[PDB]
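Trainee:
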Amino acid sequence: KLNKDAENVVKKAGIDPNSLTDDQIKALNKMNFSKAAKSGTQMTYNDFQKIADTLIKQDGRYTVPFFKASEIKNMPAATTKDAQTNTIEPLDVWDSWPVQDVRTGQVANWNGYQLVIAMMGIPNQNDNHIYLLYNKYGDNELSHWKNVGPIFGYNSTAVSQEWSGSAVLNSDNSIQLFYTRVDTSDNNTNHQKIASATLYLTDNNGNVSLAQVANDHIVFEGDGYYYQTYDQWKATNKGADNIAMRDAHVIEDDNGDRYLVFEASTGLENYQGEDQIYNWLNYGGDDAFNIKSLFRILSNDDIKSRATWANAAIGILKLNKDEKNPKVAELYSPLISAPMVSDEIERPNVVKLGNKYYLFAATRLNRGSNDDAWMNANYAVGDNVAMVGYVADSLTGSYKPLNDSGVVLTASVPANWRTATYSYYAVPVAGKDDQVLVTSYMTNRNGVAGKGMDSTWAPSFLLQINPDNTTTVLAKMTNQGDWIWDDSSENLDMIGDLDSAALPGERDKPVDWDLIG
Ligand SMILES: [Ca+2]
Ligand SMILES: [Ca+2]
Ligand SMILES: [Ca+2]
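In the deposited numbering, the protein residues as written are 178 to 694.
(1) So, at 6 Å on beta carbons, what are the nonlocal neighbours of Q449 in its own chain, with the 5 sequence-adjacent residues on each side left out?
(2) Which residues bound the alpha helix (DSSP H) around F439?
(3) Does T413 come out as helix, strand or coil in the three-state DSSP assignment?
(4) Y407: beta carbon under 7 Å from a heavy atom of ligand 1?
(5) Go through its chain and collect everything with a Cβ distance to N303's Cβ below 7 Å, but skip five positions before and after it.
(6) Measuring only the C-alpha atoms, how far is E184 from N223?
(7) Look at the alpha carbon of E451 and the alpha carbon of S476, and state the distance between them as a whole number of angstroms.
(8) Looking only at C-alpha atoms, which of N324, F329, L310, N456 sits nearest to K207?
(9) By how many angstroms is the C-alpha of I420 removed from the C-alpha of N367?
(10) Which parts of the region 257-301 are runs of the alpha helix (DSSP H), unbroken and 4 residues or longer, counting only runs that do not cross its ends?
(11) Please name the residue, chosen from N543, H306, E507, that lies closest to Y556 on a Cα-to-Cα basis.
(12) Within a Cβ cutoff of 8 Å, which residues of the same chain sit near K212, ignoring the five residues on either side of it in sequence?
(13) Examine ligand 1 and report whether any of its heavy atoms sits within less than 7 Å of the Cβ of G330.
(14) In whole angstroms, what separates the C-alpha of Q453 from that of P516?
(15) How about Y403 and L508: do their beta carbons lie closer than 8 Å?
(16) Quick one, are the C-beta atoms of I228 and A465 less than 8 Å apart?
(17) Check for me: the alpha helix (DSSP H) holding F225 runs from which residue to which?
(18) Given this structure, state the Cα-to-Cα distance separating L640 from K411, to the nearest angstrom.
(19) Thinking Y239 and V585 are a contact (beta carbons under 8 Å), I'd like their distance in whole angstroms, please.
(20) Roughly how many angstroms separate the alpha carbons of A652 and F638, rounded to a whole number?
(21) Taking 7 Å as the line, does the beta carbon of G282 fall inside it for any heavy atom of ligand 3?
(22) Check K207 in the structure and name its three-state DSSP category.
(23) Does ligand 4 have a heavy atom nearer than 7 Å to the CB of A229?
(24) Around the C-beta of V270, are 16 or more other C-beta atoms found within 10 angstroms, so that it is buried, or is it exposed?
(25) Given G574, which residues of its chain have a CB within under 7 Å of its CB, disregarding the five upstream and five downstream residues?
(26) Which of the three DSSP states, helix, strand or coil, is assigned to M422?
(27) Could you check which residue in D674, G383, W322, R423 has the C-alpha nearest to that of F397?
(28) What distance in whole Å lies between the Cβ atoms of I307 and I299, which are believed to be in contact at a cut-off of 8 Å?
(29) Taking the Cβ atom as the reference point for each residue, do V325 and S386 lie within a distance shorter than 8 Å?
(30) As an exercise, report each continuous beta strand (DSSP E) stretch of at least 3 residues that is fully enclosed by the region 433-496, in chain order.
(31) By the DSSP assignment, the beta strand (DSSP E) with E521 in it spans what residues?
(32) Taking all protein chains shown into account, decide if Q389 is buried (16 or more other Cβ within 10 angstroms of its Cβ) or exposed.
(33) At 3 residues or longer, and completely inside the region 597-673: list those beta strand (DSSP E) runs for me, N to C.
(34) Can you name the residues that DSSP bridges to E429?
(35) Figure out for me which residue from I491, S519, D549 has the closest Cα to the Cα of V527.
(36) Tell me whether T655 counts as near ligand 3, meaning its Cβ is closer than 7 Å to at least one heavy atom of that ligand.
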């Protein structure tokens, strides 16, 4: 027998109570219909489903543009002396970020150079380290980039790794780097910590060198209430829980505060668990959608499991005033969270446009709980990646999803093609308040697209940011690896179509199942 709340929602859904099984009835009687939202905004089960639906539709407003596949090359600077082996090798290059102006997010001009920090490593090896690259500011040629080498030096190992973050210019023209320090000494686990160091560079006759790395230290690795700690994860992980404490994005607000916006999972404030399946807030559709979703969740062990472990978070904390030796001043509740919905939302990024703050992130939809949604994405397109987006009136204020569901970009080609992309990272555009340039890496790692095909820098493309909290992808593309949009940067030749996006035979190529899930 249904309680009265369960009975209310069943009738509003326009389904007959007698058609419900005993297992279904007892599920509805567990439902918690009155949990007050924690601070911030959730990607709900309905939001996730709409994002995937939009991806399946391949609507030109949100689809990542087709890139002309003939044009795609390995990045010369990704052939470099490897941080671990100490030998010159052609490396995968993936997650990358430019040094930016801490206030505006514009790509910084350091003594006439643009500077990018990048994850690189040998395909099919555990080789995760970051490298500093440079080129003349405004230069548009992939091949003019040069690799200064690994920030943390040669003779490195997989026991201590560097994953992604951000970088800005300090007031004295040194660089403050935020990155992910990963310690794998505890049984090879990816123990992630947000770290920071100051980089001192020098410039001699067209060459930029890394003179010194100072003040390298851990900033934050979770508190337990707002964000999940390594100990918490380890306490309950049997192989189904993600661990995330990474991808820290530094930005300074109008009030002179530096913040980190970062990737994590929620803590005890609103923790993962089987109870989240029974928190009505997490669903976010009408009654009929919500009930159908509950029943689907319960009918599949995988989905139930995923829902039980899902609690991705985009966090924020305020740093203290020391530019070069940052520590946490205040922790806040996540800006965005996805309890029940996804256990992985990465590369959070904030861009200020006018008086608004746009929060973007990359995600692979196959890390969400709704297996039907992401498998349908894979079936329709051959990939499940997206960029999501929100907007707020202040850096810490309430973020509202863009384009209804939060969808911003959707995958347009199969994951194992040369022109597949991930790790979308938007950079503002000089003298434009309604556009950002979307950068990404191209070709998925570890040789999945074929012989000699390394992860490289994608051509970048403009995304228009509209005043009504929507976005529109524009048919404006650059060369590979362009971080700076201007009137010199357009290269319309790079834009492909559904056909030219593919090398010969890729349309009929066998799917890489491990890759797409
Ligand atoms: Ca060294
Ligand atoms: Ca989790
Ligand atoms: Ca450019």
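Cβ coordinates follow ideal geometry from the N, Cα and C atoms, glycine included.
Mentor: In this structure, then:
(1) Taken in chain order, the residues that qualify are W486, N488.
(2) Where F439 is concerned, there is no enclosing alpha helix (DSSP H), although the beta strand (DSSP E) it sits in stretches over 435-442.
(3) It is helical.
(4) Checking every heavy atom of ligand 1 against the Cβ of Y407, none is found closer than 7 Å.
(5) Closer than 7 Å at the Cβ level, and outside the excluded window around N303, lie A335.
(6) Each residue's alpha carbon lies about 22 Å from the other.
(7) Answer to the nearest angstrom: the Cα atoms are 14 Å apart.
(8) Cα-wise, what sits closest to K207 is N456.
(9) Computed Cα separation, rounded: 7 Å.
(10) Segments of the alpha helix (DSSP H) lying fully in the region 257-301: there are none.
(11) The residue with the shortest Cα to Cα distance from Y556 is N543.
(12) Residues of the same chain with a CB within less than 8 Å of the CB of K212, apart from the 5 flanking positions on each side, are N456, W457, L458 in chain order.
(13) Answer for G330: yes, Cβ within range of ligand 1.
(14) Counting only the Cα atoms, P516 lies some 7 Å from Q453.
(15) Using a Cβ distance threshold of 8 Å, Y403 and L508 count as a contacting pair.
(16) Cβ atoms of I228 and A465: not closer than 8 Å.
(17) Where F225 is concerned, the enclosing alpha helix (DSSP H) stretches over 222-234.
(18) The alpha-carbon atoms of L640 and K411 are separated by roughly 40 Å.
(19) A Cβ-Cβ distance of about 7 Å is found for the pair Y239 and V585, placing them in contact under the 8 Å criterion.
(20) Those two C-alpha atoms are separated by around 7 Å.
(21) Checking every heavy atom of ligand 3 against the Cβ of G282, none is found closer than 7 Å.
(22) Collapsing the DSSP output to three states places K207 in a helix.
(23) This structure simply doesn't include ligand 4; it includes ligand 1, ligand 2 and ligand 3 instead.
(24) By the neighbour-count rule (16 or more Cβ atoms within 10 Å), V270 is buried.
(25) Closer than 7 Å at Cβ, skipping near neighbours: no residue.
(26) Residue state, collapsed to three classes: coil.
(27) Ranking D674, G383, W322, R423 by Cα distance to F397 puts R423 first.
(28) In this structure, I299 and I307 do not form a Cβ contact; the two beta carbons are roughly 15 Å apart against a cut-off of 8 Å.
(29) Against a cut-off of 8 Å, the Cβ pair of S386 and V325 comes out as a contact.
(30) Within the region 433-496, the complete beta strand (DSSP E) runs of at least 3 residues are 435-442, 488-496.
(31) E521 -> no beta strand (DSSP E), and no H or E assigned at all.
(32) Under the 10 Å beta carbon count, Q389 is surrounded by fewer than 16 other beta carbons and is classified as exposed.
(33) Counting whole runs of 3 or more residues, the region 597-673 contains the beta strand (DSSP E) stretches 598-606, 609-619, 636-642, 648-657.
(34) DSSP lists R435 as partners of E429.
(35) Comparing Cα positions, the closest option is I491.
(36) Distances between the C-beta of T655 and the heavy atoms of ligand 3 include at least one below 7 Å.
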